[PDB]
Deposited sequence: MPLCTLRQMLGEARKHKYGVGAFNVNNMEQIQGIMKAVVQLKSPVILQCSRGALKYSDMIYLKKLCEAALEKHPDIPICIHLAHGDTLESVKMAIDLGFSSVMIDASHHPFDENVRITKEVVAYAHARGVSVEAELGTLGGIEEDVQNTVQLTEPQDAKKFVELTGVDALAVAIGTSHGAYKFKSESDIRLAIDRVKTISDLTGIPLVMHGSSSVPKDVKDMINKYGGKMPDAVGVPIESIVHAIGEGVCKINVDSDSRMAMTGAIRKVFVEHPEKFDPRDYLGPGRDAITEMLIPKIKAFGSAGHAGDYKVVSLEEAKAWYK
């Protein structure tokens, strides 16, 4: 059933596992993601960006998530606004039925980040909805990136009461996160300190790994992504063990679908039925995701708890 981010990640903090949060834009993506979490009996977070909602005129995406919730009632499923920037985007998402939202005001100074985030927490928690916020900015270390200062994270959470905190540790969006695989620099040592000082679930953004087979397929069949590099899965597993409970992954699913289509285009150029290539694209998403979900550690946990509904969740904040 629909599940809050607070309960879902609370459970991952407790057992020291992490839950992948996968952005969705259409039917095949959601199916690719659900087949993997179902096969592994794992909880899941489906997140929707403003770009996704625009792409699907909103109602179509809302309906697709309904289908998922209905087809697999036994899977704790969190529907999350991936990256809202105002209170307005939050009311909109909550109206569509989401159980969680992210409010990102990290590019503002501390007190303004606190203020904007506090407004959202009041509105969301009044309806039982979870809130994720961010302190610090994304970008690679190798000047202007602002990594999370643990002592300030402690203060931020105390002042806002967010349910989860996105941390800045050297990751960034996209398929080109580091200049090479031989020199990957992350600031994961502080995760444990942030987790202990805040006492709450942490979130990592820009965390696709850019798996070898997915990249090789794209470049083998006419794609041009020779220098792609993502976050090593070992690093993510280390951060998970230190308190990271939610890992945002999008690029990996993007590449897996693109590589799959590119291969069908080359091996069978006479085929023109979209199911002929979107099918293998959906499945390549499932196959790429299975070893990832196991490493995150959420496999087997879908049946660990009884899902609290949004209505009952209101009591946590009163």
Stretches with no C-alpha atoms in the model, relative to the deposited sequence starting at 1: 1, 144-147
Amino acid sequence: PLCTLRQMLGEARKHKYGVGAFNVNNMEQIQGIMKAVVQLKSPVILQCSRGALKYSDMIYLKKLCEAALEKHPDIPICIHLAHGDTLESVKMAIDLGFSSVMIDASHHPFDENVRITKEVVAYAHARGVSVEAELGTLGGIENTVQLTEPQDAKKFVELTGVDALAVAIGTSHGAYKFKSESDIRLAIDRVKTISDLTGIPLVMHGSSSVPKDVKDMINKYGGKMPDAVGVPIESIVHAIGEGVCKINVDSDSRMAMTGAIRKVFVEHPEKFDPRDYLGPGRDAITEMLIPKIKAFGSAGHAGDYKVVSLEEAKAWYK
From here on, numbers count along this sequence of modelled residues.
Take the C-alpha B-factors listed in the entry for 108-116 and for 178-186, compute each mean, and give the stretch with the larger one. 178-186
Comparing mean C-alpha B factor in the record for 148-156 and 88-96, the higher one is 88-96
Residue, from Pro201, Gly136, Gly222, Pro73, that the PDB entry assigns the highest Cα B-factor: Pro73
Report the third (lowest, middle or highest) to which the CA temperature factor of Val237 belongs, ranking only the modelled residues of the same chain. lowest
If you rank every modelled residue in this chain by C-alpha B factor, which third holds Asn26: lowest, middle or highest? middle
For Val167, return the chain-relative third of its C-alpha B-factor as stated in the PDB record: lowest, middle or highest. lowest
Considering only modelled residues of the same chain, in which third does the CA B-factor of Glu270 rank: lowest, middle or highest? highest
For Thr258, the third of its chain by CA B-factor is the middle
